[PDB]
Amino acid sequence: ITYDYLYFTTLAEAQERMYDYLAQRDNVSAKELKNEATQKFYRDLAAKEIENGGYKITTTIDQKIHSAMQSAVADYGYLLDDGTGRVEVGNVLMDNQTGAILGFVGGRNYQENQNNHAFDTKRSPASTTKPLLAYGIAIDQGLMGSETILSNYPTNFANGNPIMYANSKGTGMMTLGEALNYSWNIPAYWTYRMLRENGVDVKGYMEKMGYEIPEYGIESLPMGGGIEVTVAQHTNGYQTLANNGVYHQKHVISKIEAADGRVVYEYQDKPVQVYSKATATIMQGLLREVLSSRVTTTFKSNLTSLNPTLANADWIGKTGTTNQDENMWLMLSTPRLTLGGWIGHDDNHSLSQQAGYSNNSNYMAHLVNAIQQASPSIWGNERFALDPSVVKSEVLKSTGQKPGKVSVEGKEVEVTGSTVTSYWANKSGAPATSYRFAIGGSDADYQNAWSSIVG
């Protein structure tokens, strides 16, 4: 092993790669490998091979960074305790251009709890699902732009239960920016509904990033319902958005060599343009504001006080939470790296309402600071920027669509007013304003909306 959680995680992955190598070496057929007994033998053989084989296992781990991350959770992990008991944590630091994992946090203390919350435990991604499964895909399909309007008007699930956001049943129309900054749920619900109505191959996008979702026909899918992922895997999703839409598979083992040089295994990069560069860079701009607005996370404030120069780097991110309060997430990225973070309880009991907003945000600011102190230039000073392929459209702030004539239950009203630039990832850009100008909304909602617009 080159460069306790670290040892067991590295060992476990190396054993899996050794297993594949040995089975292939011995010419074991795909069928004879389906045998449970045979599988057990080869898994044990792989373990023994490493145990005393003198193999050279090269990992992607940056010693100084990983060590700094361990000292950080040791000294600052208590900042996560919010009064709902011992709060567990998982973090993964990933290189955006390669998918290599430079370091991670498996939990509060291995000696007290061996559960690896960075590589093994699967939890709902909650609201961090939105940029990837809903808004990102809608933008990529040319179904919406950066300033498109969405409905946050009250609405119910198919069973009559209202879609909630804390104790709020909703408000009204809002821009994608506001929807993302606050992480309102109804707009996400409508967006996914729109994708299914248009028959978009959502599964295709997610599978290209390695996500395994068993059922896509779920109303709350955009809010993380029906999805369970490890921090490592989810960090890979944000790595994709940060790396201008190009996915690079996560990995901790880069190569395994026998003592004599024979290559037992070696990571092979297989980049995939999941989202267009236009879509990815537009999302980066929206996620930059999610952090700057400080609506769902105090992160920017925390980091500014701890390391103002590092806070000036081009940070973008998204928080994750649901009405259940069982999982809090904060995904952060600079052009060079992505750091995923999850906190919660092993038995899934609820965290305090502000555990994600304050506690996890402060802890992660300390974690980010520790990483930078250990490796000064690792985060980078590069800026995320709009790809030149991005189409810019001048639209009304009220409708998120180009100015024009619209029929409002009689009479041809000339919809005009203040405008703003909206970014699109299609060819023609934003369409002319129509009566149903927003994503989602009932007939009544639109009556109320247009009443104000005209008013």
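Start at 1 with the first residue shown and count on from there.
Novice: Can you say how many deposited residues have no coordinates in the span between residue 3 and residue 4, choosing none, 1 to 3, 4 to 9, or 10 or more?
Specialist: A long stretch, 10 or more residues, is missing between them.
Novice: Per the entry, where is the mean C-alpha temperature factor higher: 280-288 or 256-264?
Specialist: Averaged over C-alpha atoms, the B-factors run higher in 256-264.
Novice: I need to verify one thing: averaged over C-alpha atoms only, is the B-factor higher for 202-210 or for 294-302?
Specialist: Taking the mean C-alpha B-factor of 202-210 and of 294-302, the larger value falls to 202-210.
Novice: Report the third (lowest, middle or highest) to which the CA temperature factor of residue 110 belongs, ranking only the modelled residues of the same chain.
Specialist: Residue 110: CA B-factor falls in the highest third of its chain.
Novice: Lowest, middle or highest third: which one holds residue 270 when the chain's residues are ordered by CA B-factor from the entry?
Specialist: For residue 270, whose C-alpha B-factor we compare with every modelled residue in the chain, the answer is the highest third.
Novice: According to the PDB entry, is the CA B factor of residue 69 in the bottom, middle or top third of its chain, that is, lowest, middle or highest?
Specialist: Lowest third of the chain for residue 69's C-alpha B-factor.
Novice: Within this chain's modelled residues, let me know which third the CA B factor of residue 377 belongs to: lowest, middle or highest.
Specialist: Residue 377: CA B-factor falls in the middle third of its chain.
Novice: Ranking the modelled residues of this chain by C-alpha B-factor as given in the entry, is residue 349 in the lowest, middle or highest third?
Specialist: Middle third - that is where residue 349 ends up once the chain's C-alpha B-factors are sorted.
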